[PDB]
Structure formats: structure tokens, C-alpha cells
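Participant: Same order as they appear, the protein sequences are chains A and A'. A prime marks a further copy of an entry chain. For the first sequence, position 179 (counting from the first letter as 1) is numbered 179 according to PDB author numbering, and the numbering increases by one without interruption. For the second sequence, position 13 (counting from the first letter as 1) is numbered 13 according to PDB author numbering, and the numbering increases by one without interruption. Yeah, the Cβ is synthetic: ideal placement off N, Cα and C, and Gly gets one too.
Number of protein chains: 2
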Amino acid sequence: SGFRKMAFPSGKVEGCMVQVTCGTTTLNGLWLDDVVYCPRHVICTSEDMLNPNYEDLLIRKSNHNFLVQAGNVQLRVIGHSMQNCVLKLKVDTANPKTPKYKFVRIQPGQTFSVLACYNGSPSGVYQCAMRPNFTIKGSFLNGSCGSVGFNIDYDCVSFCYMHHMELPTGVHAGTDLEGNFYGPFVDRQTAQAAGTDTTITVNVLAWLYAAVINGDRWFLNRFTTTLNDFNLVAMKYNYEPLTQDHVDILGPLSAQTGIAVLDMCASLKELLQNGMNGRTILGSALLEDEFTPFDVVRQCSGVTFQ
Amino acid sequence: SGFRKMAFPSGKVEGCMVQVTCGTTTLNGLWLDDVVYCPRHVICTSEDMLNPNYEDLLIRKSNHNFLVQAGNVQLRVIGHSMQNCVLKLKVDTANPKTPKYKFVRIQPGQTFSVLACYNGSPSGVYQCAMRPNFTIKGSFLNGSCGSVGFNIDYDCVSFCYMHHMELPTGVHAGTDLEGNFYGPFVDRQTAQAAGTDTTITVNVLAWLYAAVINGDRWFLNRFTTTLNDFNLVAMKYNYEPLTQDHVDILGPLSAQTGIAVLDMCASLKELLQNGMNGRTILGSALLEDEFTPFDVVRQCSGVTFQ
Ligand SMILES: *[C@@H](*)C(=O)N(c1ccc(C(C)(C)C)cc1)c1cncc(Cl)c1
Ligand SMILES: *[C@@H](*)C(=O)N(c1ccc(C(C)(C)C)cc1)c1cncc(Cl)c1
Numbered sequence: 001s002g003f004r005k006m007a008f009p010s011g012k013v014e015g016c017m018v019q020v021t022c023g024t025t026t027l028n029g030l031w032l033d034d035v036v037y038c039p040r041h042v043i044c045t046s047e048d049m050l051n052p053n054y055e056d057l058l059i060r061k062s063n064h065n066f067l068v069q070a071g072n073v074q075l076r077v078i079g080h081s082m083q084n085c086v087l088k089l090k091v092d093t094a095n096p097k098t099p100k101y102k103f104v105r106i107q108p109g110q111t112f113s114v115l116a117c118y119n120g121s122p123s124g125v126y127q128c129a130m131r132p133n134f135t136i137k138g139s140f141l142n143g144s145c146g147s148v149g150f151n152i153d154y155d156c157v158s159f160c161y162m163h164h165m166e167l168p169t170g171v172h173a174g175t176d177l178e179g180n181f182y183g184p185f186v187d188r189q190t191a192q193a194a195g196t197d198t199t200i201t202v203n204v205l206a207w208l209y210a211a212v213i214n215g216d217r218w219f220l221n222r223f224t225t226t227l228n229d230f231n232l233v234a235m236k237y238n239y240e241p242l243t244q245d246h247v248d249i250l251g252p253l254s255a256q257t258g259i260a261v262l263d264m265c266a267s268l269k270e271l272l273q274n275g276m277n278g279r280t281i282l283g284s285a286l287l288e289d290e291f292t293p294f295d296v297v298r299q300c301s302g303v304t305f306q
Numbered sequence: 001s002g003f004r005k006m007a008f009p010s011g012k013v014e015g016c017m018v019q020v021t022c023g024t025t026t027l028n029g030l031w032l033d034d035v036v037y038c039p040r041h042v043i044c045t046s047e048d049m050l051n052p053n054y055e056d057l058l059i060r061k062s063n064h065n066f067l068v069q070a071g072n073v074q075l076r077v078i079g080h081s082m083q084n085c086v087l088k089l090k091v092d093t094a095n096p097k098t099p100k101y102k103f104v105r106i107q108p109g110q111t112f113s114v115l116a117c118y119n120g121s122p123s124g125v126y127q128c129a130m131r132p133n134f135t136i137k138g139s140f141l142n143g144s145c146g147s148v149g150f151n152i153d154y155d156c157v158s159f160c161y162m163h164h165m166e167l168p169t170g171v172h173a174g175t176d177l178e179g180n181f182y183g184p185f186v187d188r189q190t191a192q193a194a195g196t197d198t199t200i201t202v203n204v205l206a207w208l209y210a211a212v213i214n215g216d217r218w219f220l221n222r223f224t225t226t227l228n229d230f231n232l233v234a235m236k237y238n239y240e241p242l243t244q245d246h247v248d249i250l251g252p253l254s255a256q257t258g259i260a261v262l263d264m265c266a267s268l269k270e271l272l273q274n275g276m277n278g279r280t281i282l283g284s285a286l287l288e289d290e291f292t293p294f295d296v297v298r299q300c301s302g303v304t305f306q
């Protein structure tokens, strides 16, 4: 029992983190086989970052302008190219610690682990969700760009996020590992802003099931609701719609607890309309939406990775 | 910016996790140099665990009764001994992945990272605090005993916790790495129970400072309080007393924010007496007490580890 914001073990990613320096700009890179991936804004300067012409900036660089440090060992750069908003630095050494990996792009509502890094050195690990508005509520300081987000499935690391920037509300934006931004953000200094968010309804329901599995049942009730009637309430509280596919994905948790999905929707409806009245659920006084149905099954059943 | 429950990178500990089997009982062990450490209740059987005589049980075992698996490689046991509530299995191979390490015992109120493991394979990582009542609110399923808790300081892993059991309220008890239980718990099946807990006042204050550093200021006020007058309120809300040493430890955060410690105590007092009135602090609707002043400085300043 218990229920925690649980990240994947980070060892496989730690062995891929390096430091990339261009000029006086230093950030994190990801070393897989003989390529180092990093944000292209490593080639910018204080005045460049207003409205940079990255193609122009890059043609003016040479391999020797990029210093890559893997621990206390320097990696000779032998080639460079731009792919969307990431740089690909070809180095003369394949990373012997390269795990089996994939570059995957995730959906809003999906979760991943972040290995926050500074100067190529891992600092901490935590779990994040991709918000509906394509930001993430991370924890990042200056010099963290290039830190990556990932999931692990058995032995394979699916990289899904590379950190680039902080938005004015303190949330974070970045790209997939092909360099394509999540959401309507650009790697330059504009007035860009996050844009309105919603609550991830299917995840809230998954977390209520986690709570029942763990013995919190006070919010259960005898009522039920229809899917359409629930979605009317969801819209009014800024929750996103629940679909039949969400209902289906919640099937296993429904079957394990014996609480019909639409019955749990009725419970969520009451919680939205009445608040929590001084009580908590799994140690939270808020409805938590950064656990997917998979996260709940993983933690309340116990899947490992090797 | 941002503020997350952030664990240490787990790679250095992942390389130490092994599977220990005795009879039909399988759990996790920690392999450092040529010793595997694991809970002594690996030698128990369904009927043994009522009131086991562990000295009796152990004299009846041989080295060959212990199978240690490090991944898909079997470690030959060449010696065994009991140290309090842990077993020390001498193996014929020193772990080449042994980090620099220490065995430290922590104080209630202190935090650490847990690498949850099953069958010697890491499953997830999360941050925990030692409660005042010497339990931890972990996330553990059957087969997790032997998973360890730790902190990392530069390159050195300070192991502080080995998981043994779940108490009836769903919280967790275990030992330090010398086998000495945290709190009044025993590795047998009795009616033992957690006992009354309190809230870690100095940590709540640290987290309020984290919030101010991150731009949540709505709970600030012009009032101040004396240390004695604050502690009268703390006692009434089941918070533990604040000492002058706590005030001193909060000095740096006080100086960074310009909010006197006793001024933040006045804010905490109002929050305890009035609740939060529908607002949140760092994404929580509860006063959070599992971040130490060190955790706040680490995350709001950015210290790495190598
Ligand atoms: C990601 C990153 O490193 N970065 C950044 C680049 C350059 C500098 C100067 C040293 C030239 C001031 C600082 C930070 C960055 C962060 N967020 C957005 C953008 Cl466009 C770049
Ligand atoms: C830690 C652990 O493995 N364990 C446990 C031992 C033995 C068994 C049987 C297979 C013999 C039923 C199950 C679990 C354990 C957990 N919590 C408390 C105690 Cl005393 C032992």
C-alpha cells in the first residue's frame, strides 16, 4: 500500500547525460550511440536570443566550436546538424552506456519521469504530466535545458521530452527528441504564454480508483450517472470530456475494485460540487490528475524494469 | 522555478540491488563490495513468522541455502551472519559497481529517496520523510522488503533505510543498514501499530519559504509572533515545537526572501487557524511537511551530484 508520485529508476538515463558548451553557453546534452542531442539555442548569445536566425547562426559554427564533456572526459565532435529545434552533434565515440531506446512523442494527459541536470550532472528525478495545454509543471533552474523526460518499459527507455524554456507563469515548455515543440512555443524570447489549461478527467478517476484500492472510500456513494450527464458537470468545472475509450481504459481498475466507472463518475461529480469538506484522499486535499490509469496499475500491482 | 517532490538520481543504487532467496522466500538485497545485506526475515516460513527465534533459525542454515542473483548472474555465498535485524551474506565477488557509501541513521523529520524493488529489480523512485513516529508513508507491495532508502552527497551514497514491513494503517517500518529498527517495531507478526504522529513544523516553514521563492505570497502578513507564542499554537494543532536551532537553520531561507522566521511563523499560525480558504500553495491545498530546509535550498538553488 501507499501511493506516491513515483518516477522510473534513472540509472539508464544518467549514463547518457553530458555537458555541451558553445561559446559561453553551457547546457545538457543526451549522448546515444555516437550522437549528442541538445537544444539548438546552445548556439545563441545574449543578443541572439531575441529573434535568432538559427540557420544563419549554425552555418557560422565549426565542429571545434562545440565542447562536449562526458564526466571528466572530452568528446571530440566530428559533425553537426540541426533537426528542427535540436542540434545533433556527431562525436567520435559511441556511448558504451547506451540503453535500448526509442524517441516517442507523448499525448497531453500522459506522464513521464524527468531527470533534471545541470552542467551534464544529474540533480534529481521526478514525475511530470504533459498538461492539456502542452506545458509541464516542472522544477527547473537556469542551465537545465537539455534535461530529458522519459518512460521505461522493461529494458527500453522511451525518451519523450527535452527541456527548453520556462514560461512566465513558471511552467515549462520543450520538445520531443526530434526537436518538435510540444504546443505553440518557440525557442526565442517573445511574450509567449501557456494558454488555458484543463484538468485531466480520466486521470482523476484513475487516482480515485487508486484511493479505493488503498482503503480511502469515504467519497463513494450509491448514486450513478450517465456519461453525457457527467460530461455536463465536467465542462462546468473545466475538466476535459470523458470518452468511451476513457471508460474502457478504466475497465481493469473498475473490475478490481467492483466500482462501475460511471459510479465513480457520480462520486467525482459530488466531489466537484461539494468539495472535500476537510477530508483528504491519498494524502491530498485536491483532486489529483497527474496519474494515468497505467501509473495506478503499475504502482498498485508492482511492475519492475530490467 | 517549480517545486517537486524530487528524489536523488537512483543509478548508483540500482547497481547494488540483487535478489536473495532462501527456501521459497524471495526478497531484495543490497550488494556492496563482497557483502549482500538483506532483512533477516528471509529465513522465515509462513509458520515461523509468528514468533521466530532467528538465532535458532539461522544456525540451521548453510551458505548453500541462500541463492543470490545479481541480474542473470548467480553470486556464490561463502559466509553468512546476523547483525541485529539484517543478514550479511558474504559472497565470492565484490560488486564492481559499488559506489562510495556510508551507513547513516537519520532523524525523524529528515527525508530520503527510496528505490522500490521487487525480485532484485528496481521499480520506481520517490522521496520519503521519516515521520516523528518513526514510520514512513511509503509505497510498497509484497516482496519489496530489502529495498533501501538513501541520500547522495556529491558522489557518496548515504544509505539510511532498509524496508521490512507494512503496519496496519498502510505505513511502513524498517531499519537502518546496521539492522536497527526505526521506532518501536519488531520483525515478527504482532499487533504492533504506528502510534500517534505530529507535523514537522520546521519543514512546513521551509516549504512556505519555497513557496515565496516561487511567487506564492498570498499567505504572508504584516504580523509577527514570539517563539513561545507560536509554540502554544503549534501544540494545539499537533505540530511539534519549533526550537531556536530550527530558527537558525531557517536563517538562509529567511535572508534570501527577506521574511523573518518569526514572521513566517505568524503566517503559519494564521494558516492553521483559518485554513487556506480555497487557495493553494505550490499546488497543494494542505500544509506540506516532507521537505527539509536543505531540500528547499537544493531545489530552489540547483545542486547536482557526481
Ligand atoms: C536552454 C538555454 O541554455 N538557454 C539559454 C541560452 C543562452 C543564455 C545566455 C548565457 C546567452 C544568456 C542563457 C540561457 C535558454 C533558455 N530558455 C530559453 C531560451 Cl531561447 C534559451
Ligand atoms: C520482508 C519479507 O520478505 N516478508 C515475508 C517473508 C516471508 C513470507 C512468506 C512467503 C513465508 C509468507 C512473506 C513475506 C515479511 C514482510 N513483513 C513482515 C515480515 Cl516479519 C516479513
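Let me check understanding here. Comparing Cα to Cα, which of A':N142, A':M162 and A':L50 lies closest to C38 (chain A')?
Facilitator: Considering only alpha carbons, the answer is A':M162.
Participant: Using CA coordinates, which residue listed in A':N203, A':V35 and A':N277 is at the minimum distance from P241 (chain A')?
Facilitator: Checking every option, the nearest Cα to that of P241 (chain A') belongs to A':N203.
Participant: What residues of chain A sit near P122 (chain A'), judged by a beta carbon separation below 9 Å?
Facilitator: What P122 (chain A') touches in chain A: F8, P9, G11, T304, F305 and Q306.
Participant: Distance check for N151 (chain A) and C16 (chain A'), CA to CA, integer angstroms please.
Facilitator: Taking the straight line joining both Cα atoms gives about 22 Å.
Participant: Answer yes or no: does any C-beta atom of chain A' fall closer than 7 Å to that of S139 (chain A)?
Facilitator: Yes, its Cβ sits closer than 7 Å to a Cβ of chain A'.
Participant: In chain order, what are the residue ranges of uninterrupted beta strand (DSSP E) at least 3 long that sit wholly in the stretch 67 to 94 of chain A?
Facilitator: For the stretch 67 to 94 of chain A, whole beta strand (DSSP E) runs of length 3 or above, ordered along the chain, are 73 to 75, 77 to 83 and 86 to 91.
Participant: Runs of 3 residues minimum, wholly inside the stretch 13 to 73 of chain A: which ones carry the beta strand (DSSP E) assignment?
Facilitator: Correct list: 17 to 22, 25 to 32, 35 to 39 and 66 to 70.
Participant: Check whether the Cβ of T175 (chain A) sits closer than 6 Å to any heavy atom of ligand 1, and report yes or no.
Facilitator: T175 (chain A) Cβ: outside cutoff for every heavy atom of ligand 1.
Participant: Relative to chain A, which residues along the stretch 260 to 291 of chain A' have a C-beta separation below 8 Å, given in chain order?
Facilitator: Answer set for the stretch 260 to 291 of chain A': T280, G283, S284, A285 and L286.
Participant: Alpha carbon to alpha carbon, how far is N28 (chain A') from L141 (chain A')?
Facilitator: The alpha-carbon atoms of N28 (chain A') and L141 (chain A') are separated by roughly 13 Å.
Participant: I want to see whether chain A comes within less than 7 Å of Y118 (chain A'), judged by CB atoms only; does it?
Facilitator: Chain A contact via Cβ: present.
Participant: Going by DSSP in three states, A129 (chain A) sits in which element: helix, strand or coil?
Facilitator: Note: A129 (chain A) maps to strand in three-state DSSP.
Participant: When the Cα atoms are used, what is the spatial distance from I249 (chain A') to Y101 (chain A')?
Facilitator: So the two alpha carbons sit approximately 26 Å from each other.
Participant: According to DSSP, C117 (chain A) sits in a beta bridge with which residue or residues?
Facilitator: According to DSSP, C117 (chain A) bridges with A:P122.
Participant: Any Cβ of chain A' within less than 7 Å of the Cβ of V125 (chain A)?
Facilitator: Closer than 7 Å to some Cβ of chain A', the Cβ of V125 (chain A) qualifies, so yes.
Participant: What span of residues does the beta strand (DSSP E) with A173 (chain A') cover, start to end?
Facilitator: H172 to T175 is the extent of the beta strand (DSSP E) around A173 (chain A').
Participant: Does any heavy atom of ligand 1 sit closer than 6 Å to the C-beta of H172 (chain A)?
Facilitator: No, the beta carbon of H172 (chain A) sits no closer than 6 Å to any heavy atom of ligand 1.
Participant: Distance cutoff 7 Å, beta carbons only. Does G183 (chain A) sit that close to anything in chain A'?
Facilitator: No, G183 (chain A) lies away from the interface with chain A' (no Cβ there is under 7 Å from its Cβ).
Participant: List the residues that DSSP assigns as beta-bridge partners of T199 (chain A').
Facilitator: DSSP output for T199 (chain A') lists A':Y239 as bridge partner(s).
Participant: In three-state terms, what does DSSP make of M6 (chain A')?
Facilitator: The answer is coil: DSSP assigns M6 (chain A') none of H, G, I, E or B.
Participant: Determine the closest residue to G143 (chain A') out of A':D245, A':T21, A':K97 and A':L287, with distance taken between C-alpha atoms.
Facilitator: Considering only alpha carbons, the answer is A':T21.
Participant: Measure how close the beta-carbons of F8 (chain A') and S113 (chain A') come, nearest whole angstrom, since I'm counting them as under 8 Å.
Facilitator: Yes, they are in contact, since the Cβ atoms of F8 (chain A') and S113 (chain A') sit about 5 Å apart, within 8 Å.
Participant: What are the start and end residues of the beta strand (DSSP E) that includes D153 (chain A)?
Facilitator: Note, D153 (chain A): beta strand (DSSP E), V148 to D153.
Participant: Which partner residues does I136 (chain A) have in the DSSP bridge list?
Facilitator: According to DSSP, which records beta bridges pairwise, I136 (chain A) is partnered with A:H172.
Participant: Compute the minimum distance between the beta carbon of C16 (chain A) and the heavy atoms of ligand 1, and state whether it is under 6 Å.
Facilitator: Incorrect: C16 (chain A) has no Cβ contact closer than 6 Å to ligand 1.
Participant: Give the secondary structure of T257 (chain A') by DSSP, where H, G and I count as helix, E and B as strand, and everything else as coil.
Facilitator: It is helical.
Participant: Determine the closest residue to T98 (chain A') out of A':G11, A':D245 and A':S1, with distance taken between C-alpha atoms.
Facilitator: When each option's Cα is compared against that of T98 (chain A'), the closest is A':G11.
Participant: Rounded to the nearest angstrom, what separates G179 (chain A') and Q83 (chain A') at their Cα positions?
Facilitator: Their Cα atoms are separated by approximately 6 Å.
Participant: Can you find a CB in chain A' that lies within less than 7 Å of the CB of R217 (chain A)?
Facilitator: No - not a single Cβ of chain A' is within 7 Å of the one on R217 (chain A).
Participant: On a CA-only basis, which of A:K5, A:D187 and A:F66 is nearest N53 (chain A)? Give me that one, please.
Facilitator: Measuring from the Cα of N53 (chain A), the nearest candidate turns out to be A:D187.
Participant: Measuring only the C-alpha atoms, how far is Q192 (chain A') from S139 (chain A')?
Facilitator: C-alpha separation (whole angstroms): 19 Å.
Participant: Relative to the alpha-carbon of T199 (chain A), which residue among A:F3, A:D229, A:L115 and A:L268 has its alpha-carbon at the smallest distance?
Facilitator: Nearest C-alpha to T199 (chain A): A:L268.
Participant: Mapping DSSP to helix, strand and coil, what is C265 (chain A')?
Facilitator: Helix, per DSSP.
Participant: Any idea if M235 (chain A') is buried or exposed, counting beta-carbon neighbours within 10 angstroms, 16 or more meaning buried?
Facilitator: Under this definition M235 (chain A') is an exposed residue.
Participant: Do you know how far the Cα of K90 (chain A') is from the Cα of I43 (chain A')?
Facilitator: Rounded to the nearest angstrom, the two C-alpha atoms are 16 Å apart.
Participant: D155 (chain A) and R105 (chain A): beta carbons closer than 7 Å?
Facilitator: Not a contact, by the Cβ cut-off of 7 Å.
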